[PDB]
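Below are the chains, spelled out letter by letter.
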Amino acid sequence: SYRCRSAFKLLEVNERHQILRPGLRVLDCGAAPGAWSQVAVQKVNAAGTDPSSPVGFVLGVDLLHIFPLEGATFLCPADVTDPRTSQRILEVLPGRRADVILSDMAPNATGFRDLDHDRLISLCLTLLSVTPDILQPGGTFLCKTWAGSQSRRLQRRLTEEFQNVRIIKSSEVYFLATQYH
RNA sequence: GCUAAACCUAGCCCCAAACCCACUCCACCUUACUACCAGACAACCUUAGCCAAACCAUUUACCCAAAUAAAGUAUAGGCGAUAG
RNA sequence: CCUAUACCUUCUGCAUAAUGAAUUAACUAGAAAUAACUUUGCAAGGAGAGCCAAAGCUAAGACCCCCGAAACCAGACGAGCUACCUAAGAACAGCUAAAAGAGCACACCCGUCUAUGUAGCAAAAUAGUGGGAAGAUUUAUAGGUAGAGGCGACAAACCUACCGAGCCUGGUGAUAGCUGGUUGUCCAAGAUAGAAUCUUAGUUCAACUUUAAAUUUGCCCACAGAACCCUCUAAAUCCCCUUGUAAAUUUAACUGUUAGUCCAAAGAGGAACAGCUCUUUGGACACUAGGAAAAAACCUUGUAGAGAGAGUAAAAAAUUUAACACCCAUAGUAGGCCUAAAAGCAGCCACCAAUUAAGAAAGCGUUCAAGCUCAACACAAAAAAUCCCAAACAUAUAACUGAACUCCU
RNA sequence: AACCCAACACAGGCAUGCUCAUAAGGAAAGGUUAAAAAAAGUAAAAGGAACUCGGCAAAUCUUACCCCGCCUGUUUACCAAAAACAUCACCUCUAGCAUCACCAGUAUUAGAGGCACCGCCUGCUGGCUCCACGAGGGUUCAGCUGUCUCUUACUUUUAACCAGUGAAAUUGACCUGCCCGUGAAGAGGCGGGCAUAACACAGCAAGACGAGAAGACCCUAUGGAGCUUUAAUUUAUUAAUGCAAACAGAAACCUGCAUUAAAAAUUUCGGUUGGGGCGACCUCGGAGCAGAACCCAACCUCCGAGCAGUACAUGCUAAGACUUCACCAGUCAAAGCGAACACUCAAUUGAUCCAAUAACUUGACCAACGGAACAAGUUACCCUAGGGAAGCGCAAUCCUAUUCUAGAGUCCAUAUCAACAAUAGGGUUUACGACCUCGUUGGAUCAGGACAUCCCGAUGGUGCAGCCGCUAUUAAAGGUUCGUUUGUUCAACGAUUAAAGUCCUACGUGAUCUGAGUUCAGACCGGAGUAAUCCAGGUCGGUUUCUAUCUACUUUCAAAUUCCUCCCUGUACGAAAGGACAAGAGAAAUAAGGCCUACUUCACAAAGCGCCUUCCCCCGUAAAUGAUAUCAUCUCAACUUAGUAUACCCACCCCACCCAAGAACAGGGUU
Ligand SMILES: [K+]
Ligand SMILES: [K+]
Ligand SMILES: [K+]
Ligand SMILES: [K+]
Ligand SMILES: [K+]
Ligand SMILES: [Mg+2]
Ligand SMILES: [Mg+2]
Ligand SMILES: [Mg+2]
Ligand SMILES: [Mg+2]
Ligand SMILES: [Mg+2]
Ligand SMILES: [Mg+2]
Ligand SMILES: [Mg+2]
Ligand SMILES: [Mg+2]
Ligand SMILES: [Mg+2]
Ligand SMILES: [Mg+2]
Ligand SMILES: [Mg+2]
Ligand SMILES: [Mg+2]
Ligand SMILES: [Mg+2]
Ligand SMILES: [Mg+2]
Ligand SMILES: [Mg+2]
Ligand SMILES: [Mg+2]
Ligand SMILES: [Mg+2]
Ligand SMILES: [Mg+2]
Ligand SMILES: [Mg+2]
Ligand SMILES: [Mg+2]
Ligand SMILES: [Mg+2]
Ligand SMILES: [Mg+2]
Ligand SMILES: [Mg+2]
Ligand SMILES: [Mg+2]
Ligand SMILES: [Mg+2]
Ligand SMILES: [Mg+2]
Ligand SMILES: [Mg+2]
Ligand SMILES: [Mg+2]
Ligand SMILES: [Mg+2]
Ligand SMILES: [Mg+2]
Ligand SMILES: [Mg+2]
Ligand SMILES: [Mg+2]
Ligand SMILES: [Mg+2]
Ligand SMILES: [Mg+2]
Ligand SMILES: [Mg+2]
Ligand SMILES: [Mg+2]
Ligand SMILES: [Mg+2]
Ligand SMILES: [Mg+2]
Ligand SMILES: [Mg+2]
Ligand SMILES: [Mg+2]
Ligand SMILES: [Mg+2]
Ligand SMILES: [Mg+2]
Ligand SMILES: [Mg+2]
Ligand SMILES: [Mg+2]
Ligand SMILES: [Mg+2]
Ligand SMILES: [Mg+2]
Ligand SMILES: [Mg+2]
Ligand SMILES: [Mg+2]
Ligand SMILES: [Mg+2]
Ligand SMILES: [Mg+2]
Ligand SMILES: [Mg+2]
Ligand SMILES: [Mg+2]
Ligand SMILES: [Mg+2]
Ligand SMILES: [Mg+2]
Ligand SMILES: [Mg+2]
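Residues numbered from 1 in each chain as written, not as in the entry; some residues may be left out. Chains lettered and ligands numbered in written order. Part of a larger assembly, values for the part shown. Heavy atoms only, no water. Residues with missing side-chain atoms left out of burial classes, pairs and counts.

A. Fine view of the packing of aromatic side chains. Under the definition given, this model contains 4 aromatic pairs. When the centroid spacing of 5.9 Å and the interplanar angle of 70° are considered together, the rings of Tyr2 and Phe8 count as edge-to-face. The class of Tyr2 is partly exposed, set by a relative accessible area of 26%. Between the aromatic rings of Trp36 and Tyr174, the centroid separation amounts to 6.2 Å while the plane-to-plane angle is 40°, which identifies the pairing as tilted. (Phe/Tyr/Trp six-rings, centres within 6.5 Å; stacked < 30°, edge-to-face > 60°. Buried < 20%, exposed > 50% of the residue type's maximum accessible area, 1.4 Å probe, protein only.)

B. Seen up close, the UniProt feature "binding site: S-adenosyl-L-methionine" in chain A. Look at the UniProt record and you will see "binding site: S-adenosyl-L-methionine" annotated at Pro33, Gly34, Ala35, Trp36, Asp62, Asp79, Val80 and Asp104. Relative to the assigned elements, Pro33 resides in the loop between β1 (25-29) and α2 (35-44). The class for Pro33 is partly exposed, based on a relative accessible area of 39%. If we ignore the near neighbours within four places in the chain, the residues touching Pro33 are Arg3, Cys4 and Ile66. A residue is classified by how much of its surface remains accessible, and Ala35, at 1% relative accessible area, is buried. Beyond its immediate chain neighbours, meaning those up to four positions away, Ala35 contacts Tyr2, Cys4, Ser6 and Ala7. (UniProt positions renumbered as here; feature names shortened; annotations may be inferred. Helix = DSSP H or I, 4+ residues; strand = E, 2+ residues; numbered from the N terminus. Contact = heavy atoms within 4.5 Å.)

The structure is reproduced here in structure tokens:
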């Protein structure tokens, strides 16, 4: 039914918090192999499955090649931190904006999770720096994070730029931000 | 050669016969064996079950007062184990 | 030196590393009658009333074990442990705080984690670390609720150190198609068709086996004889005079056995080569000995003792594998077709031909050519994990060795 | 009284008043030695979680979240203290009443329950938010430290020795060896070899499928029990009504009978298919099905049968036979009597009792079809009696190596690679629902071995210029890293390395250690079921113990491997780019064997983090001469060439003391 076990993680969050609905434009960072992309398309009706509900848009970005999926557009190879990808992302989305940002990016585990904590935080911050360009006001932001002390700095910056920030908990920690300023 | 080994009574069993014990003084139903104050308290009512029927559910011998014989016969019984 | 794999029990098969046994002494386990048989008495009658009798009747002799559940029921005994409750008592430093099912922290209660301990100090403890510690707190004393029940802030907790239903006595020598055991000597006969079953761990019947009795055929087997199909097709079998032999049927009285295992052979399981499972035939084993290394099932051999005799049966694996040509080739022609051109060799139609004698090319090499050789002319493998595994030996005439089979005293 | 309860002169239990460190009460060391292992502490260079399932323990005093529950409290006394129960608050249901409970109460009351405060949205009930709190389950900052890299020293107990006292489990007999093979399939006892004077003491834990249990795994019993229910059999019991009885003139009580509910009692789970879900099956006939007398292949494969029609002597009797391997049942039948002039059909069926009937006769998908008159689930709370639980040569399938020479590799079978197949070795699967699922392993320590070689080494081929690849032969002496979990349990990822090999060894190894699964006593989430309860599902928590009798073993006493830099050398090679061998020097690491001068932990010493030493070949191939086969040809032809050990150890007073010697013993010194 799904390409990766990470698909159930997004469904569980969506079930409780209701972050995906038809008509929403969703960006999937680190979309490979496509576990979150499949979940997003079904919820936002990106493939136009339900004629009575508005058709959303799903865009997947990852370094590795992603196999084609019905109702989803994928950009690969592309670096999320590369300004070139951000410009390409805007040209593809309707109205050059997105409604929901989903992030599952994870750098290679260098064998020291403490080092991997700050490295993953910087990647989230880099996405957060370019987030205003991609995200529209009042949107939803979800990122995959590894627990650590630097999560507070990410939490502090999200708290200033978002009305509400939630902590969602493998040893993964997910930050759910809604109502972008 | 040490540890040991050996013994013959104590008494008992089954019948017969015959119908058995129960006050020296003191204490003993209250916390028994505790000398010495007002209580009311009163006994009685089918046994069941294991077990047998190769389960189990009706049912399944239990001295009831003469040994023998009538006779395991007449009867009873998921008419069957068995009972008589 | 040579030979030899403890005993009991449970299974087809136990040296088995399956069960039981440290050992010694004592104790500990087949109880019964209808019939039948045998031995006496009497006899158409028998018996010391009854009862049987178409030779019976009376009496004697002679056959039927031990230990073990979890359970059920009845009547007693239990709340001095513990669960909850009743009556009337007691305990709770210090500090911060506030009139706190507050915080810190002794006494006290509890028992989170770790380690020690594991027949221990202890049938639940010690040490450290912990939770609570003015409260739904803890605790002393007396009383209460009792098993078809009590009690329970439900853990199916607790109710006197094994509570999904306490303990004790009695019914009780409960029952157990299950486990284990079942005691002196010697001889004899003795194994594998099935059917039914709340039945496949059992039992009944049959088959088989045993004993006694009566009787006359039994086994082996000459021809003859036993079906057509779906076309045809195996080893055989039944029947059965002779003959070799000595068994067979019937009657009487009962026990026990009844998935056998492996080997040879033919088959069965969706038309499945082995293996598995399951039938059929035969052998062996659960019966001795010898031989294949050790070996229940292969081969040899069975009827039982002693001998410091003898003759034989089966009975010891073989095999060691790859050379090779010598010489020569000029030419009617790049034989035509098609193809950029493909010529002897991209393909193809044709297969002639000079010279003593040479394919209108048999393999190679060129995009294609070139180059070459040949024809012709002369001249049959092996590799795994503790450590290879009898020692050895090509050449003195095949006899000898070898049993509990046979013979001999 | 030195005292009770715990089997003990028991490290446990034990109310209150004072003393709060004593004015009272006591003795941890029997003596010796300073081994190993084990226990408890103390100290530690540099690093500071790299250890590990987990920051368990220890040190230091240490932040910020997530999940669940509100909180304090309560529970499985003896493996679960929790997320479970209780809890204010809220909700539902029932009750109009006094003389032993509720209650000496009366709807703002009492009882039976759900749920778990509050706040918010919502239905008119459900869903969230949140204050604190927790020996709850995860994660993390910082600090901390022997958790580890990598262990070390010391003290005490233990230990060993001398003296006194003196157990237990255990045990068929033992005069108790190793390697292969074999075997009831894992041999100290059997076979073939080898080894072998006899004896203690101290260690070790490979074996004696080690000892004492328990748990688990299915299976069996016409063995139990608990629970649940629309399993069967009942309403005795209790309550409510009706009726009779009884009385008064209406009633009430009592009793009998009957009908309802309540509650309770008794009993049981039929076989077959590895288990379970879903299904099928059990009797009779036919075929595959035993080719020729009869019988005989279960399982399995496939088609049927549980009737119908025609008779109305389908009447009555009676020789002799067959028989589904027993019995029961079933089948054929001359003659005779009486009439006319043993029905077709492979199966087409059911015993006894009983019931009905004047009688003749009739009655069960008793289909579980030799049939009990009538009884289902569940147990992980389970109990009892038992029985089972490494190995199975030739077909299929997969892999490896050859064979075949098709086909790729510009040309080119054979530098590499390879189809259709075959031949050898290895592994796996296999008799029936052309259903679906489910039934021991890591790590620490120490390793033994195989070679089918990952690295180092030797040698051919190459589409090998040179470095560096590919391929093959040969080689097992030596080596084969440290970490993290997102793409988690040995799979990806990070940094490295000459390389991070494939395996076997009862996961090699649990009487050396530990984690998880198979799973269990508690508990929720999802699913199933009326319920009890269940699920290979998700999650949290959660007890095995062992004093070594025997075998084996306890200094092989001694030969070292690898990398990097430099040198040759920027040389050979190549157009450049790039870029070597061999020989030597130096340096580092690891391993093995030692040491204390310094350094460090520390001090008459031990020890590493310190220092010192380390020495043989390899057998694949490459060449000469030279016959069989007068050439040639490295020759399972005669022949030639290349690469075809030493060291250590070694004599024979002792009372007592000392020691760098040591558990005891022994040994060295005592001039
Ligand atoms: K009491
Ligand atoms: K004193
Ligand atoms: K807690
Ligand atoms: K051992
Ligand atoms: K039956
Ligand atoms: Mg019975
Ligand atoms: Mg029963
Ligand atoms: Mg042995
Ligand atoms: Mg024994
Ligand atoms: Mg004796
Ligand atoms: Mg009963
Ligand atoms: Mg009490
Ligand atoms: Mg009171
Ligand atoms: Mg106080
Ligand atoms: Mg308090
Ligand atoms: Mg406190
Ligand atoms: Mg309580
Ligand atoms: Mg419960
Ligand atoms: Mg329970
Ligand atoms: Mg008995
Ligand atoms: Mg005999
Ligand atoms: Mg039956
Ligand atoms: Mg004859
Ligand atoms: Mg003789
Ligand atoms: Mg020629
Ligand atoms: Mg002889
Ligand atoms: Mg003889
Ligand atoms: Mg001492
Ligand atoms: Mg030690
Ligand atoms: Mg340190
Ligand atoms: Mg830290
Ligand atoms: Mg690690
Ligand atoms: Mg780690
Ligand atoms: Mg971790
Ligand atoms: Mg700790
Ligand atoms: Mg609580
Ligand atoms: Mg509060
Ligand atoms: Mg407990
Ligand atoms: Mg308690
Ligand atoms: Mg606990
Ligand atoms: Mg609760
Ligand atoms: Mg608490
Ligand atoms: Mg003893
Ligand atoms: Mg010996
Ligand atoms: Mg062996
Ligand atoms: Mg010893
Ligand atoms: Mg049975
Ligand atoms: Mg039951
Ligand atoms: Mg017959
Ligand atoms: Mg039957
Ligand atoms: Mg029959
Ligand atoms: Mg449970
Ligand atoms: Mg090397
Ligand atoms: Mg080799
Ligand atoms: Mg072991
Ligand atoms: Mg815990
Ligand atoms: Mg030991
Ligand atoms: Mg060099
Ligand atoms: Mg020559
Ligand atoms: Mg030559």
